[PDB]
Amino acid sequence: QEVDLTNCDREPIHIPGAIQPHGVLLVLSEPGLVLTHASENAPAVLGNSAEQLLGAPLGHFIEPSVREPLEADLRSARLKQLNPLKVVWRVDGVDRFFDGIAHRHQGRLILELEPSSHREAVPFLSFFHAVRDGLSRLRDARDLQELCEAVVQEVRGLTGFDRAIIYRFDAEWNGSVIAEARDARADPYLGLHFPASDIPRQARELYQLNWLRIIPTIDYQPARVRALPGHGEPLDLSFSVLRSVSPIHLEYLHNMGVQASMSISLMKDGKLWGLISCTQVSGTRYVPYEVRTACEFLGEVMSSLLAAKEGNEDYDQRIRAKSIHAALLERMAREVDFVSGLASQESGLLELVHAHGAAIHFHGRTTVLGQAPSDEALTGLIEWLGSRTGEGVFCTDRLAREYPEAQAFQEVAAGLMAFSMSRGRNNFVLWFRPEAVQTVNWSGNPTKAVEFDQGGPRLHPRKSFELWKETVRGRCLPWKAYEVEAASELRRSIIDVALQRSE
């Protein structure tokens, strides 16, 4: 069982057959560098037709003195480190200048050409500071929030986007905007939640691999990528910066009121954690390659720091809940065994994991502490690790899926964590949590997040992003990481004590 939901997760965005037409995509044979593919916008950008290019060697169109470094670079195994290449394209006698961005993927050498001449300046001083002072602000951040604020302020200052946010995925791949830097121009998304389908699963899978994408304007005609005969199979554009993006996302950006967009993957343990997401409300945003990779660099630094800076918000605790634990075990070894065990130190047991009641059961006698579910009628609870093979700390809040006799018997307080303690599943330590009922602020209605069109209706994005408060029924207060390993620490140190059973 995965995720796995709607028809959003299936359009193949990585082979649209087309690019964003402000640059030119070529692919080159190896080792000859014969153009086997070329986007059809080549007349405007390069002054040659796609059919003038297909079949010719790259060096034909290149100014003679730049042929050697350019061709040596393109033969290199070190492509990513060499980008951007200086390409000087010569048609008739005219020299045009481009950033060349080359990569290899799925057996194809792809070369993308973004014009480098007549564009805006990129002040050196601001680039210099965003990189050097950005590195030092991120290193010196004391918690996740400070790390996020530094990123969005540096990336906004470096790019000039109207809005740069940190967008953090949750366990169900919905996200929320946890930091925002913005021109007063633009509406705050800070605090808003967005449904998982805004960034469907095949997009998340692409973005775990290609950590940057830019749409300098959502208003463009895709330029087809033409191929020589016998090179007509779909060209994998997974790692091409000009890849034309899914029209359903381009429609979504129109409905949101954004004209240009750029986002950078945030990674943790090889998994997509979130995005740095930049949007322009009015106007285009043709961010040059060098600026983009400075933003990618800040995103890699933040990524490398993600696990550290969030753990820092718990080092204050832990040692608290660690010396708590060392008192509960100080009081099972010198004292009873386990019986009136953590029961005499009950607000150490429930200050261990912040619950309103416990529930033990060495074939007891159970033993609440208190206002547990039903007390008497909870004998349908003490079996549940005997259903899924896990041994195993069951830790939930929405008991509306795994045992929703929180609906055919409700109760509320249905916020449970339970670990087991012996082999043939019998005895159980349960912590319950009362109901902290919460308003979650969504951007537009999350239940109508996908729309259906015709006529066997196709897929369209929602049209309103107006704030939409959801009163969430079912859920407790979140099991911050420690309620499991602090419970894991307790489970095993009590098996230790329990083994003086063999007194």
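The first residue of the sequence shown is number 1, and the count goes up from there.
A summary of the deposited B-factors shows that, of 395-403 and 88-96, the stretch with the larger mean C-alpha value is 395-403.
The deposited model assigns a higher average Cα B-factor to 404-412 than to the other stretch when 262-270 and 404-412 are compared. The PDB entry assigns its highest CA temperature factor, among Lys469, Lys463, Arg473, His37, to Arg473.
In the PDB entry, the Cα temperature factor peaks, among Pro31, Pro457, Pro446, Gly55, at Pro457. Sort the chain's modelled residues by C-alpha temperature factor and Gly175 lands in the middle third, per the entry. In the PDB entry, a CA B factor belonging to the middle third of its chain's modelled residues is recorded for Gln106. Per the deposited record, the Cα B-factor of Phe452 falls in the highest third when ranked against the other modelled residues of its chain.
Per the deposited record, the Cα B-factor of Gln208 falls in the lowest third when ranked against the other modelled residues of its chain.
When the modelled residues of the chain are ordered by C-alpha B-factor, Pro64 sits in the middle third.
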